[PDB]
Amino acid sequence: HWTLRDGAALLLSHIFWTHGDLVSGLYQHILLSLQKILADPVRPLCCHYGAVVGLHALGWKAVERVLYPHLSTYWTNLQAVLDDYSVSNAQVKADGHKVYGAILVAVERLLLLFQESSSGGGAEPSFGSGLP
Amino acid sequence: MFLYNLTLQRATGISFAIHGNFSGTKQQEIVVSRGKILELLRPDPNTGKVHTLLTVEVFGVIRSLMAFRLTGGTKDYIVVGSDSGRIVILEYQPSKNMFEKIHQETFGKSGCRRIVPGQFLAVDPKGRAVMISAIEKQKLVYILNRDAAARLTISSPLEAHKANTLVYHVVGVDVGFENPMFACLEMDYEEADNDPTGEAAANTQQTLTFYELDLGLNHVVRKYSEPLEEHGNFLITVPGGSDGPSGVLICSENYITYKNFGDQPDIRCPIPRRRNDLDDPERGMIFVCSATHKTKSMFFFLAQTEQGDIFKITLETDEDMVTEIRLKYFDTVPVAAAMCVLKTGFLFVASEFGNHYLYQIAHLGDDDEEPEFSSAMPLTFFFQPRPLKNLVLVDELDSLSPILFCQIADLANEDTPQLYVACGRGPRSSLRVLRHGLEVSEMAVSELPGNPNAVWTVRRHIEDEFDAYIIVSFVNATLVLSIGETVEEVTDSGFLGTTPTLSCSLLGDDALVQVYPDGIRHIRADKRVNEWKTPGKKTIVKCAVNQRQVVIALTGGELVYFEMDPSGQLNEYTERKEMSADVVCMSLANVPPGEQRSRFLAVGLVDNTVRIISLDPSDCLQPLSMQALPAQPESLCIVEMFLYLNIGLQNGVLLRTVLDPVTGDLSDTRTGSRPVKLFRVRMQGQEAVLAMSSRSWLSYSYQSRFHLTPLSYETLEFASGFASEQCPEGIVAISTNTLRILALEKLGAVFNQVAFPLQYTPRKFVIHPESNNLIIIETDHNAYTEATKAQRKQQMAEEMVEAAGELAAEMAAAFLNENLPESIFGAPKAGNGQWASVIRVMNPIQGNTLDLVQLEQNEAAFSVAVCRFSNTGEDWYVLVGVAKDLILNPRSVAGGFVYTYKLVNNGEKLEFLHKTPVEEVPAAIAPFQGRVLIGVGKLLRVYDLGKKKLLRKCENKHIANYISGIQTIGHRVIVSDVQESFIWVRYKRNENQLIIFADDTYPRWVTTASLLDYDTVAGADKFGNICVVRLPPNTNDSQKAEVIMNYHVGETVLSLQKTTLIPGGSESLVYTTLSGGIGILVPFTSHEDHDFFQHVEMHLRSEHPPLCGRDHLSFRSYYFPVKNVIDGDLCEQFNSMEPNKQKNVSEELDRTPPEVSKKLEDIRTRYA
Amino acid sequence: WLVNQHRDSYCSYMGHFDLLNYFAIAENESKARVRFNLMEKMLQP
């Protein structure tokens, strides 16, 4: 049932780039609601995974400044995977998008630079080996 | 929309091999290491055959494998180095036939990261400390100690980290009686990052750092720091102390150096060169492996170079130092990764690309004709090639070469689909054909007039190993025969076989029993006629032979039992049981030599209600129970591995039942609409069954498990065993109006193959639809051709003539007369821009070639396709791409050409027609709608047949990457990008323009693509990521493609294809891998089918951890998460669990363990 | 960044056995020469 968010995310990006800059006074409120639902540990993993591409794959101007300062919103579930618990949804599936999060950034630079690469090296080393 | 992972073939490539004693016996065995599969095998000096002991998948990438020994112990331990952040210790139990985990110590992160050890692993040969370290910044020391209970204990690793340091190789150096001593090559790169000019890159030498450990003060300190001159690769473990000096042999580039701590000067010894070598002198020659042989008399080592030359290092040691190093030419073997020398004169060479062989040492090579080479002689030596002369072919295995392309289709007149594998390496390549069944071998073919229907095999004695009488029966006649290696008609048998004999068994020690419906005549060895007449005119329908009992069945449902009296006569029971049906089958198991006799008896009836008949006199001729039957049976038998009940019917079914008076399990499999006859056969000592259908079916037992492997043969009606001097283990199978003898040498479980010699590694091949032919293109890196080698030899011959040595140069004739084979002695070809392009058409039915068309040396073929044009009629065209000026390290190309062939006589003769230039080497050609499309690099164009040049109709430039694959269909064109996942392009007919409307968000290194239907497009990956992309129905025929299933196999998959495997089932995604395994994907039908296996996957992750300590979910979801795919590899290990744990799992699922295993085998039963 | 990403890519080639197997196929070399070349390229990526 994960096609529901994929269609919503595709439409979310569609309205972001089509005409969302004419009289859009909510253009900042849509961004504001993103960290209100994501940057809080009281929410479950289902909605936490629902905002993994709603911020990164929307540009790079006001995106990198958000992803960097957070430490207690991504490292918590990374080391909470070897627990032998009930059914999960994003304990290993959310790691796919964070690897993808270092793809577009590297492509833009090929055409925080050293610190970002060093920080990503301690999280996933296969990202720089599968695609450069 | 759901998939199930199932594999049939496994990785047969050896990456790491060790030698030692792990089973506790006195016979040596080898433990091989695959990429992620642990296989155990042992040799056999008696028969020279090697059989697999146990194959368990560890679900983890193994990076190293080695062993050690304890002081005063008797059993070795297994240490496995993987990509995880933990080390494991294994102890195989021969009785349990399983690997038991001893310790599990997690120290750091897992995966293929920078700070993960596992690649390099070394131990003190005395058995006190072991070293594991990563490439950089990490060095760990584990201390092994045991208590008074003879139990091995492991302590915490020691912190010996050193940042900004590069580790080349770690080896365990044995130095007399002292602390475990370690030598390694270290490198510093601090100056390289601080010198942008480039001066720090030059003249950068490495050191040989020696580490000393203290067991009392618990510290690690660097003792020696000795810089080197040239770069090193690995060290040879040379034992010291009593036997040999305590030193190490460092292999270098074109040189070898011995270095020992103290007052030992360095020894320099150059490596010789083969006479008048055609290779580039600027190229080097290095070593790939080093074997250690521990012999009480003398010690010597073996090495291997790139050219397959074996040099033995013999040391004339002093009291403490060494004198010199000696070298000699001994043997010639193909290119191998690592070899292990075994005791009692055995040498196993484990190849890295090709088949695995097993050589036997026959001669030590003492005082040969070729002089040895040492270091004391000054000055650039040379050696002459020599044949093997020492090793012979003993054993061979069905090792699968890495596969670059595969294709499954129907090319023979039979309905069984054949599998074609294009693999190999250069001259050792072979386009082998895979067949599902066993290897059918014939020894003698004879013709017998009449209609043979039964052949018997009676031995002289029960415990003998040779036969005494063979009888062949007919519908009306019978002839007697005997075996004397001059088999003809025998006369003094004394059988009087005028009447059709139903059966010829062995009742007495050397007596035979013949069955005829006019009376039973016992044929004794002594001149005694024990003829029993049949009361009345009634006849007999079947028989039941036994070692100590005689059972018959008269017409109308009448049963008479005979008992074998030890005095010499026979008795008859005083009661006949009445039955309501007609006897259709009869069977009885053999009397156990240890026990008294058998009790369970099964009688087939038309009423389809089989009843168990007791054999004891207390309850003789009495009903016991009843069991329902589907239809009228045809044959029945009782197999003992533990007895089992087997039921055969008149149609293509095979029913199996456990030994139980009450009805139990009911397992069936398709066997045909033919009467199935089940016989008694012997293989591997245990009993087995042999059913008959349109194809012969065999079901034997292996590792306490019953399989179902059919036989590649036509319809048969009768079969029996065979045992003589020529073939101790054979099977006799009579055919239509002829006599044939079969044998079973190779086990041949699945995927038998036949080899065919080739010249270069084929890339792709296309099946000719009409004349059933193939088109094969060949290209290899640094390859030559016949013309280039011929002119090089002539130029080389002229140069030596020009040299005019002291005219006195008579070796010109000998150089051109004696030529060495390329497949076994290697290929002496060098250069940078040297290639080959061989186009060959081979008939799959035969093994010979049809035409050989060669091309220029600087030309290579990467793609081939068959196209049609509307201007011509039913003519078939062949187009082969040409590569020009390929440069590896920098990106600099020059272009290519496309060759058009007439294809004279539908794939029997090729001729040159014309040429056309292109700006880039083509990669994939796919015609559609009567025209041809060739992807020229980043530019996508549509071509058409012209007079001199291909007419251009459209041009595309939106593709900013290299096109690696083009798949076309009647509506759209699917483009497989090397960087992007998929590009969907539609080409119009009236507009004539390539339109790009959709793409994919996920970047993938797509190697190949396949089409399942109109909407689904599959794709592979360089690492083994298989995904299927579904496009929404609303597409502009803004369109970012979604993904419904993503799964990582863990091994490189280079081909995807979906077809029907066996007639009578559904299709499945059959894909092979680069390791050499074949995996299938089983689709699901109902919701509960996926739910039950989902619960099994959830339960087995916690109830059965992997052997090497690797997390199951993240290992499969390494690159991409696993979606809509259920792993069946973990479910296959359900039979390798303790019964108490299995009982708990079954009760958790509210089922029984027999039923759980039935569904596990049912998945393979349906689609395989 | 260039140094960090290069050192995280070339060093991961040896961990995978099939990636090493693929490297030994594209070139007429053995697994020994392949692992030496990647190890000698660490001096200046």
# chains A, B, ... in the order shown; residues from 1 in each chain; ligands from 1

call {"tool": "closest_atom_pairs", "arguments": {"of": "chain A", "to": "chain B", "cutoff": "7 Å", "atoms": "only C-alpha atoms", "output": "JSON lines"}}
result
{"residue": "A:92", "atom": "CA", "partner": "B:1114", "partner_atom": "CA", "distance": 6.5}
{"residue": "A:93", "atom": "CA", "partner": "B:1121", "partner_atom": "CA", "distance": 5.1}
{"residue": "A:96", "atom": "CA", "partner": "B:1120", "partner_atom": "CA", "distance": 5.7}
{"residue": "A:125", "atom": "CA", "partner": "B:113", "partner_atom": "CA", "distance": 5.4}

call {"tool": "write_last_selection", "arguments": {"atoms": "C-alpha atoms", "output": "short mmCIF file (atom, residue, chain, number, x, y, z; two decimals), in the first residue's frame"}}
result
data_model
loop_
_atom_site.label_atom_id
_atom_site.label_comp_id
_atom_site.auth_asym_id
_atom_site.auth_seq_id
_atom_site.Cartn_x
_atom_site.Cartn_y
_atom_site.Cartn_z
CA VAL A 92 15.76 -0.95 6.32
CA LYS A 93 13.60 0.59 3.57
CA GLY A 96 17.48 3.47 0.25
CA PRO A 125 29.97 3.62 2.29
#

call {"tool": "interface_residues", "arguments": {"of": "chain C", "to": "chain A", "cutoff": "12 Å", "atoms": "only C-alpha atoms", "output": "VMD selection string"}}
result
chain C and resid 1 to 16 19

call {"tool": "select_by_dssp", "arguments": {"residues": "region 9-45 of chain C", "states": "helix (DSSP H, G or I)", "output": "MDAnalysis selection string"}}
result
chainID C and resid 9:12 17:26 31:40

call {"tool": "closest_atom_pairs", "arguments": {"of": "chain B", "to": "chain C", "cutoff": "6 Å", "atoms": "only C-alpha atoms", "output": "tab-separated table"}}
result
residue	atom	partner	partner_atom	distance
B:35	CA	C:17	CA	5.9
B:112	CA	C:15	CA	5.7
B:288	CA	C:32	CA	5.5
B:781	CA	C:27	CA	5.8

call {"tool": "select_by_dssp", "arguments": {"residues": "region 435-683 of chain B", "states": "strand (DSSP E or B)", "output": "CSV table (one decimal) with N, CA and C atoms, in the first residue's frame"}}
result
chain,number,residue,atom,x,y,z
B,435,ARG,N,21.4,-30.1,-20.1
B,435,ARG,CA,20.3,-31.0,-20.2
B,435,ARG,C,19.9,-31.4,-18.8
B,441,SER,N,25.1,-43.4,-20.5
B,441,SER,CA,26.3,-43.9,-21.1
B,441,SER,C,26.0,-45.4,-21.5
B,442,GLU,N,26.4,-45.7,-22.7
B,442,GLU,CA,26.2,-47.1,-23.3
B,442,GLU,C,27.5,-47.8,-23.4
B,443,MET,N,27.5,-49.1,-23.2
B,443,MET,CA,28.7,-50.0,-23.3
B,443,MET,C,28.6,-51.0,-24.4
B,444,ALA,N,27.5,-51.7,-24.6
B,444,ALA,CA,27.4,-52.7,-25.6
B,444,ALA,C,25.9,-52.6,-26.1
B,445,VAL,N,25.8,-52.6,-27.5
B,445,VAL,CA,24.5,-52.6,-28.1
B,445,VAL,C,24.3,-53.9,-28.9
B,446,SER,N,23.3,-54.7,-28.6
B,446,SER,CA,23.1,-56.0,-29.3
B,446,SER,C,21.6,-56.0,-29.8
B,454,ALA,N,11.6,-59.1,-20.4
B,454,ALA,CA,12.1,-59.2,-19.0
B,454,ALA,C,13.6,-59.7,-19.1
B,455,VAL,N,14.4,-59.2,-18.2
B,455,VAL,CA,15.8,-59.6,-18.1
B,455,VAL,C,16.1,-59.7,-16.6
B,456,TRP,N,16.7,-60.8,-16.2
B,456,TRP,CA,17.0,-61.0,-14.8
B,456,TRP,C,18.5,-61.1,-14.5
B,457,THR,N,18.8,-60.8,-13.2
B,457,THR,CA,20.2,-60.8,-12.8
B,457,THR,C,20.3,-61.6,-11.5
B,458,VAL,N,20.8,-62.8,-11.6
B,458,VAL,CA,20.9,-63.7,-10.4
B,458,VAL,C,22.4,-64.0,-10.2
B,459,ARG,N,22.8,-63.8,-8.9
B,459,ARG,CA,24.2,-64.0,-8.5
B,459,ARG,C,24.4,-65.4,-8.0
B,467,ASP,N,27.8,-61.8,-11.1
B,467,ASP,CA,26.6,-62.6,-11.5
B,467,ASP,C,27.0,-64.0,-11.9
B,468,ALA,N,25.9,-64.8,-12.0
B,468,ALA,CA,26.1,-66.2,-12.5
B,468,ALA,C,25.2,-66.6,-13.6
B,469,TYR,N,24.0,-66.1,-13.7
B,469,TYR,CA,23.0,-66.4,-14.7
B,469,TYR,C,22.2,-65.2,-15.1
B,470,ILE,N,22.0,-65.0,-16.4
B,470,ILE,CA,21.2,-63.9,-16.9
B,470,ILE,C,20.2,-64.5,-17.9
B,471,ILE,N,18.9,-64.2,-17.7
B,471,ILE,CA,17.8,-64.8,-18.5
B,471,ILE,C,17.1,-63.7,-19.2
B,472,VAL,N,16.8,-63.8,-20.5
B,472,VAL,CA,16.0,-62.9,-21.3
B,472,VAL,C,14.8,-63.6,-21.8
B,473,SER,N,13.6,-63.1,-21.4
B,473,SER,CA,12.4,-63.8,-21.8
B,473,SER,C,11.7,-63.1,-22.9
B,478,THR,N,12.1,-68.2,-24.8
B,478,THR,CA,13.1,-67.7,-23.8
B,478,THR,C,14.5,-68.3,-24.1
B,479,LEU,N,15.5,-67.6,-23.9
B,479,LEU,CA,16.9,-68.0,-24.2
B,479,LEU,C,17.7,-67.9,-22.9
B,480,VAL,N,18.7,-68.8,-22.7
B,480,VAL,CA,19.6,-68.7,-21.5
B,480,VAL,C,20.9,-68.2,-21.9
B,481,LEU,N,21.5,-67.3,-21.1
B,481,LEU,CA,22.8,-66.7,-21.4
B,481,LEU,C,23.6,-66.7,-20.1
B,489,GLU,N,25.4,-68.0,-26.2
B,489,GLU,CA,24.4,-68.9,-25.6
B,489,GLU,C,25.0,-70.1,-24.9
B,504,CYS,N,12.5,-64.6,-12.3
B,504,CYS,CA,13.7,-65.5,-12.0
B,504,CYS,C,14.4,-64.8,-10.8
B,505,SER,N,14.1,-65.3,-9.6
B,505,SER,CA,14.6,-64.7,-8.4
B,505,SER,C,15.7,-65.6,-7.8
B,512,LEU,N,17.4,-70.9,-8.4
B,512,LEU,CA,16.5,-70.0,-9.1
B,512,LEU,C,15.1,-70.5,-9.1
B,513,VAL,N,14.2,-69.6,-9.2
B,513,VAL,CA,12.7,-70.0,-9.2
B,513,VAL,C,12.1,-69.4,-10.4
B,514,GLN,N,11.5,-70.2,-11.2
B,514,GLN,CA,10.7,-69.8,-12.4
B,514,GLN,C,9.2,-69.9,-12.2
B,515,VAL,N,8.5,-68.9,-12.7
B,515,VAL,CA,7.1,-68.8,-12.5
B,515,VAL,C,6.4,-68.9,-13.9
B,516,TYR,N,5.5,-69.9,-14.0
B,516,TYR,CA,4.7,-70.1,-15.2
B,516,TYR,C,3.3,-70.5,-14.7
B,519,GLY,N,2.3,-74.2,-13.5
B,519,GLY,CA,3.0,-74.8,-12.5
B,519,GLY,C,4.2,-74.1,-12.1
B,520,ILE,N,4.7,-74.3,-10.8
B,520,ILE,CA,5.9,-73.7,-10.3
B,520,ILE,C,7.0,-74.7,-10.2
B,521,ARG,N,8.1,-74.5,-10.8
B,521,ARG,CA,9.2,-75.4,-10.8
B,521,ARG,C,10.4,-74.7,-10.1
B,522,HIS,N,10.9,-75.3,-9.0
B,522,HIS,CA,12.0,-74.8,-8.3
B,522,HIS,C,13.3,-75.4,-8.9
B,523,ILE,N,14.2,-74.5,-9.4
B,523,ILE,CA,15.5,-75.0,-10.0
B,523,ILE,C,16.6,-74.9,-8.9
B,529,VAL,N,14.3,-82.1,-9.0
B,529,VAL,CA,13.2,-81.4,-9.7
B,529,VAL,C,12.1,-81.2,-8.6
B,530,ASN,N,12.0,-80.0,-8.1
B,530,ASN,CA,10.9,-79.6,-7.2
B,530,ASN,C,9.8,-78.9,-7.9
B,531,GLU,N,9.1,-79.7,-8.7
B,531,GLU,CA,8.0,-79.2,-9.5
B,531,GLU,C,6.7,-79.3,-8.8
B,532,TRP,N,6.0,-78.2,-8.7
B,532,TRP,CA,4.7,-78.1,-8.0
B,532,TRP,C,3.6,-77.8,-9.1
B,533,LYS,N,2.7,-78.7,-9.2
B,533,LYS,CA,1.6,-78.5,-10.2
B,533,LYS,C,0.6,-77.5,-9.7
B,540,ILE,N,-2.0,-67.9,-13.4
B,540,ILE,CA,-1.4,-66.9,-12.5
B,540,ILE,C,-1.3,-65.6,-13.2
B,541,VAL,N,-1.4,-64.5,-12.4
B,541,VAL,CA,-1.4,-63.1,-13.0
B,541,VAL,C,-0.1,-62.4,-12.6
B,542,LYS,N,0.3,-62.5,-11.4
B,542,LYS,CA,1.5,-61.8,-10.9
B,542,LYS,C,2.3,-62.7,-10.0
B,543,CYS,N,3.4,-62.2,-9.4
B,543,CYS,CA,4.3,-63.0,-8.6
B,543,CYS,C,4.8,-62.1,-7.5
B,544,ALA,N,5.3,-62.7,-6.4
B,544,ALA,CA,5.9,-62.0,-5.3
B,544,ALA,C,7.1,-62.8,-4.9
B,545,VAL,N,8.3,-62.3,-5.3
B,545,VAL,CA,9.5,-63.0,-5.0
B,545,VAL,C,10.1,-62.5,-3.7
B,549,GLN,N,10.6,-66.2,1.3
B,549,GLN,CA,9.2,-66.5,1.2
B,549,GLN,C,8.8,-66.5,-0.3
B,550,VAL,N,7.8,-67.2,-0.6
B,550,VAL,CA,7.2,-67.4,-1.9
B,550,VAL,C,5.7,-67.0,-1.9
B,551,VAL,N,5.3,-66.0,-2.6
B,551,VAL,CA,3.9,-65.6,-2.6
B,551,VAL,C,3.4,-65.6,-4.0
B,552,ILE,N,2.2,-66.2,-4.2
B,552,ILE,CA,1.6,-66.3,-5.5
B,552,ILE,C,0.1,-65.8,-5.4
B,553,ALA,N,-0.5,-65.5,-6.5
B,553,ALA,CA,-1.9,-65.1,-6.5
B,553,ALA,C,-2.6,-65.7,-7.7
B,554,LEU,N,-3.6,-66.5,-7.5
B,554,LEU,CA,-4.4,-67.1,-8.6
B,554,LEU,C,-5.5,-66.2,-9.1
B,558,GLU,N,-7.5,-65.4,-5.2
B,558,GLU,CA,-7.0,-66.6,-4.4
B,558,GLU,C,-5.5,-66.4,-4.1
B,559,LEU,N,-5.2,-66.5,-2.8
B,559,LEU,CA,-3.8,-66.3,-2.3
B,559,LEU,C,-3.3,-67.6,-1.7
B,560,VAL,N,-2.1,-68.0,-2.1
B,560,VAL,CA,-1.4,-69.2,-1.6
B,560,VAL,C,0.0,-68.7,-1.2
B,561,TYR,N,0.4,-69.0,0.0
B,561,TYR,CA,1.7,-68.6,0.5
B,561,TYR,C,2.6,-69.9,0.7
B,562,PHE,N,3.8,-69.8,0.2
B,562,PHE,CA,4.8,-70.9,0.4
B,562,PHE,C,5.8,-70.4,1.4
B,563,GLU,N,6.3,-71.3,2.2
B,563,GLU,CA,7.3,-71.0,3.2
B,563,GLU,C,8.6,-71.8,2.9
B,564,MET,N,9.7,-71.1,3.0
B,564,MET,CA,11.0,-71.8,2.8
B,564,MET,C,11.5,-72.5,4.0
B,570,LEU,N,9.5,-77.2,0.6
B,570,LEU,CA,8.6,-76.1,0.8
B,570,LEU,C,7.3,-76.5,1.3
B,571,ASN,N,6.6,-75.7,2.0
B,571,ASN,CA,5.3,-76.0,2.6
B,571,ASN,C,4.3,-75.0,2.0
B,572,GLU,N,3.0,-75.4,2.2
B,572,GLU,CA,1.9,-74.6,1.8
B,572,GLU,C,0.9,-74.3,2.9
B,578,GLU,N,-10.2,-65.1,0.4
B,578,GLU,CA,-11.1,-64.7,-0.7
B,578,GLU,C,-11.1,-63.2,-0.8
B,583,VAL,N,-6.2,-59.2,-9.0
B,583,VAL,CA,-4.9,-58.8,-8.6
B,583,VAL,C,-4.3,-58.1,-9.8
B,584,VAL,N,-3.8,-56.9,-9.6
B,584,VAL,CA,-3.1,-56.1,-10.6
B,584,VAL,C,-1.7,-55.8,-10.4
B,585,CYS,N,-1.2,-55.9,-9.1
B,585,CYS,CA,0.2,-55.7,-8.8
B,585,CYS,C,0.5,-56.4,-7.5
B,586,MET,N,1.8,-56.7,-7.3
B,586,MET,CA,2.2,-57.5,-6.1
B,586,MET,C,3.7,-57.1,-5.9
B,587,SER,N,4.0,-57.0,-4.6
B,587,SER,CA,5.4,-56.6,-4.2
B,587,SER,C,5.7,-57.0,-2.8
B,602,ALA,N,1.8,-55.5,0.8
B,602,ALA,CA,0.8,-54.7,0.0
B,602,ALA,C,0.4,-55.4,-1.2
B,603,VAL,N,-0.9,-55.5,-1.4
B,603,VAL,CA,-1.5,-56.1,-2.6
B,603,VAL,C,-2.4,-55.1,-3.3
B,604,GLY,N,-2.2,-54.9,-4.6
B,604,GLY,CA,-3.0,-54.1,-5.4
B,604,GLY,C,-4.2,-54.8,-6.0
B,605,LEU,N,-5.3,-54.0,-6.0
B,605,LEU,CA,-6.6,-54.6,-6.5
B,605,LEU,C,-7.3,-53.6,-7.3
B,609,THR,N,-8.6,-50.5,-2.9
B,609,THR,CA,-8.6,-50.5,-1.5
B,609,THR,C,-7.5,-51.5,-1.0
B,610,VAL,N,-6.2,-51.0,-1.0
B,610,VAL,CA,-5.1,-51.8,-0.6
B,610,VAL,C,-5.2,-52.1,0.9
B,611,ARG,N,-4.8,-53.4,1.2
B,611,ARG,CA,-4.9,-53.8,2.6
B,611,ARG,C,-3.5,-54.4,3.0
B,612,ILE,N,-3.1,-54.1,4.3
B,612,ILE,CA,-1.9,-54.6,4.8
B,612,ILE,C,-2.1,-56.1,5.2
B,613,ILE,N,-1.2,-57.0,4.7
B,613,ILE,CA,-1.3,-58.4,5.0
B,613,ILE,C,-0.1,-58.8,5.8
B,623,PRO,N,-6.9,-59.5,7.4
B,623,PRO,CA,-6.9,-58.0,7.1
B,623,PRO,C,-6.3,-57.2,8.3
B,627,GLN,N,-6.6,-48.6,2.8
B,627,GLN,CA,-6.2,-47.3,2.3
B,627,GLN,C,-6.8,-47.0,0.9
B,628,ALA,N,-7.4,-45.8,0.8
B,628,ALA,CA,-8.0,-45.4,-0.5
B,628,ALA,C,-7.0,-45.1,-1.6
B,633,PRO,N,-4.1,-49.1,-9.7
B,633,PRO,CA,-2.6,-49.1,-9.7
B,633,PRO,C,-2.0,-49.9,-10.8
B,634,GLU,N,-0.7,-49.7,-11.1
B,634,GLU,CA,0.0,-50.5,-12.1
B,634,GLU,C,1.2,-51.1,-11.5
B,635,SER,N,1.9,-50.5,-10.6
B,635,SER,CA,3.1,-51.0,-9.9
B,635,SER,C,3.3,-50.5,-8.5
B,636,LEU,N,3.9,-51.3,-7.6
B,636,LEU,CA,4.1,-51.0,-6.3
B,636,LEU,C,5.4,-51.5,-5.8
B,637,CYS,N,6.1,-50.9,-4.9
B,637,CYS,CA,7.3,-51.3,-4.3
B,637,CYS,C,7.5,-50.7,-2.9
B,638,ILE,N,8.4,-51.3,-2.1
B,638,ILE,CA,8.7,-50.9,-0.8
B,638,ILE,C,10.2,-50.6,-0.7
B,639,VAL,N,10.5,-49.3,-0.5
B,639,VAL,CA,11.9,-48.9,-0.4
B,639,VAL,C,12.3,-48.7,1.1
B,640,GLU,N,13.5,-49.1,1.4
B,640,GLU,CA,14.1,-49.0,2.7
B,640,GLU,C,15.2,-47.9,2.7
B,643,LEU,N,11.8,-47.8,6.3
B,643,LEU,CA,11.1,-48.3,5.2
B,643,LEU,C,10.0,-47.2,4.8
B,644,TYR,N,9.7,-47.3,3.5
B,644,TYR,CA,8.7,-46.4,2.9
B,644,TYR,C,7.8,-47.2,1.9
B,645,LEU,N,6.6,-46.6,1.7
B,645,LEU,CA,5.6,-47.3,0.9
B,645,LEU,C,5.4,-46.4,-0.4
B,646,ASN,N,5.5,-47.0,-1.6
B,646,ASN,CA,5.4,-46.3,-2.8
B,646,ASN,C,4.4,-46.9,-3.7
B,647,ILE,N,3.5,-46.0,-4.3
B,647,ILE,CA,2.4,-46.5,-5.1
B,647,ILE,C,2.5,-45.9,-6.5
B,648,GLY,N,2.4,-46.7,-7.5
B,648,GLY,CA,2.4,-46.3,-8.9
B,648,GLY,C,1.1,-46.7,-9.5
B,649,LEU,N,0.5,-45.8,-10.3
B,649,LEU,CA,-0.8,-46.0,-11.0
B,649,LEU,C,-0.5,-46.1,-12.5
B,655,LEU,N,2.9,-41.8,-6.1
B,655,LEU,CA,2.4,-41.6,-4.7
B,655,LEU,C,3.4,-42.1,-3.7
B,656,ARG,N,3.7,-41.4,-2.7
B,656,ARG,CA,4.6,-41.8,-1.6
B,656,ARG,C,3.9,-41.8,-0.3
B,657,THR,N,4.1,-42.8,0.5
B,657,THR,CA,3.5,-43.0,1.8
B,657,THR,C,4.5,-43.5,2.8
B,658,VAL,N,4.5,-42.9,4.0
B,658,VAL,CA,5.4,-43.3,5.1
B,658,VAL,C,4.9,-44.7,5.6
B,667,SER,N,1.8,-37.5,-1.2
B,667,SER,CA,2.6,-36.7,-2.0
B,667,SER,C,2.6,-37.2,-3.5
B,679,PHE,N,10.5,-50.6,-10.3
B,679,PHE,CA,11.4,-51.6,-10.2
B,679,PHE,C,12.4,-51.4,-9.0
B,680,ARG,N,13.2,-52.4,-8.7
B,680,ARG,CA,14.2,-52.3,-7.6
B,680,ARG,C,15.6,-52.1,-8.2
B,681,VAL,N,16.2,-51.0,-7.8
B,681,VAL,CA,17.6,-50.7,-8.3
B,681,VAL,C,18.5,-50.4,-7.1
B,682,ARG,N,19.8,-50.5,-7.3
B,682,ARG,CA,20.8,-50.3,-6.3
B,682,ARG,C,21.8,-49.2,-6.7
B,683,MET,N,22.0,-48.2,-5.9
B,683,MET,CA,23.0,-47.2,-6.2
B,683,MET,C,23.5,-46.6,-4.8

call {"tool": "residues_around", "arguments": {"residues": "residue 27 (chain A)", "least_positions_apart": "6", "cutoff": "9 Å", "atoms": "only C-alpha atoms", "output": "ChimeraX atom specification"}}
result
/A:16,20-21

call {"tool": "residues_around", "arguments": {"residues": "region 63-79 of chain A", "least_positions_apart": "2", "cutoff": "8 Å", "atoms": "only C-alpha atoms", "output": "MDAnalysis selection string"}}
result
chainID A and resid 39:41 55:56 58:61 81:82 91

call {"tool": "residues_around", "arguments": {"residues": "residue 221 (chain B)", "least_positions_apart": "5", "cutoff": "8 Å", "atoms": "only C-alpha atoms", "output": "number ranges by chain"}}
result
B: 211-213

call {"tool": "atom_distance", "arguments": {"atom1": "CA of residue 461 (chain B)", "atom2": "CA of residue 483 (chain B)"}}
result
15.1 Å

call {"tool": "atom_distance", "arguments": {"atom1": "CA of residue 32 (chain B)", "atom2": "CA of residue 77 (chain B)"}}
result
14.4 Å

call {"tool": "closest_residue", "arguments": {"among": "B:50, B:1009, B:376, B:289", "to": "residue 396 (chain B)", "atoms": "only C-alpha atoms"}}
result
B:50
